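This document opens with one chain alone, in structure tokens, the form deposited in one PDB entry.
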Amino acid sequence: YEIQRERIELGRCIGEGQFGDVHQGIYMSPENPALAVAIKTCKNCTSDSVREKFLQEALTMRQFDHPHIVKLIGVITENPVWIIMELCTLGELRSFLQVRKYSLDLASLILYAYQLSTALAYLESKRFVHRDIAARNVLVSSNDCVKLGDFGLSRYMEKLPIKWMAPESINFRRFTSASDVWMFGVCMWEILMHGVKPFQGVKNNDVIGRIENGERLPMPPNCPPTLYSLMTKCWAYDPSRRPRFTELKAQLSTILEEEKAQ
């Protein structure tokens, strides 16, 4: 997927990544329409080390192709090293949700959860374990199209997302499709909470002991009990008792149609 700077146009910085600033911009191939794209840059990439860690995200994404998973489009492996990928115009799901709280309908909330479950159903069919499913890792493409990102797992380098992680992940570093379901459960909770973080105001160490106590994130105000009951299953302490995505995906569809026609 090698590209050439000659066809890329750097625009406004859109945020800082783990390796460098991220700029939005556009890629343009001649008789081909110009397409918006994000350009991840890496300031310390002259260092072989840092580069390997930076480009790894592209190698990973190079294996996927799903409508709800941020797409890789190319990479400029020479220098300065850049990774070019699809542009999600509306930003991160957390902000988008906090800003459109009193403006987004419930059905759109469930629809986002559903679209994410489809992307995850797909990764589970490829036996891929993401490891960090969280609202903060979801980009918004349109009012009715969410996408999953952060395959480079920015939060596991060197920050430990204890409050999103499955117990076995914290306690034993065990990451499996089942732990991804536990996380997706918290992510559903965030979406419904309009981008508020889980267990805010609770010390990690404390969240852990609470889970083992059977306590779980409370039901989001105005959350259909059917949806919360589905989150509660994603949070079964015993990983084997957690549902898989083919099933989450089928129930979210149901629940979505019920919130639609109602």
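Sequential numbering from 1, following the sequence displayed. If you superpose the two forms and keep the largest set of C-alpha atoms that fall within 1.5 Å, you have the rigid core.
For residue 159, the fraction of other compared entries lacking coordinates, among those that model flanking residues, reaches at least a third. Among other deposited entries of this protein with both flanking residues present, at least a third omit coordinates for residue 31. The entry models residue 158 and residue 159 with a gap of 10 or more deposited residues left without coordinates.
Of the two stretches examined, 243 to 251 and 18 to 26, the record assigns the greater average C-alpha temperature factor to 18 to 26.
The stretch with the higher mean CA B factor, choosing between 225 to 233 and 34 to 42, is 34 to 42. Highest C-alpha temperature factor among 92, 190, 150, 168 per the entry: 92. Set against one another, the Cα B-factors of 77, 176, 125, 115 in the record reach their highest point at 77. Annotation for residue 60: C-alpha temperature factor in the lowest third relative to the rest of the modelled chain, per the entry. For residue 142, the recorded CA temperature factor ranks within the middle third of the chain's modelled residues. In this PDB entry, the Cα temperature factor of residue 99 sits in the top third of its chain's modelled residues, the highest group. In the deposited entry, the Cα temperature factor of residue 180 places it in the lowest third of its chain's modelled residues. Compared with the other modelled residues of the chain, the Cα B-factor recorded for residue 211 ranks in the middle third.
Unshown form deposited in another entry; subsequent notes refer to it.
Core-superposed comparison between the shown form and the other one: among 97, 192, 133, 120, the single residue whose C-alpha moves by 2 Å or more is 133. Annotation for residue 18: C-alpha shift of 2 angstroms or more between the shown form and the other one, rigid core superposed. One change in that other deposited form concerns residue 180 and residue 136, whose Cα atoms lie at least 3 Å closer than in this form. Between residue 132 and residue 212, the Cα distance is greater in that other deposited form than in this structure, by no less than 3 angstroms.
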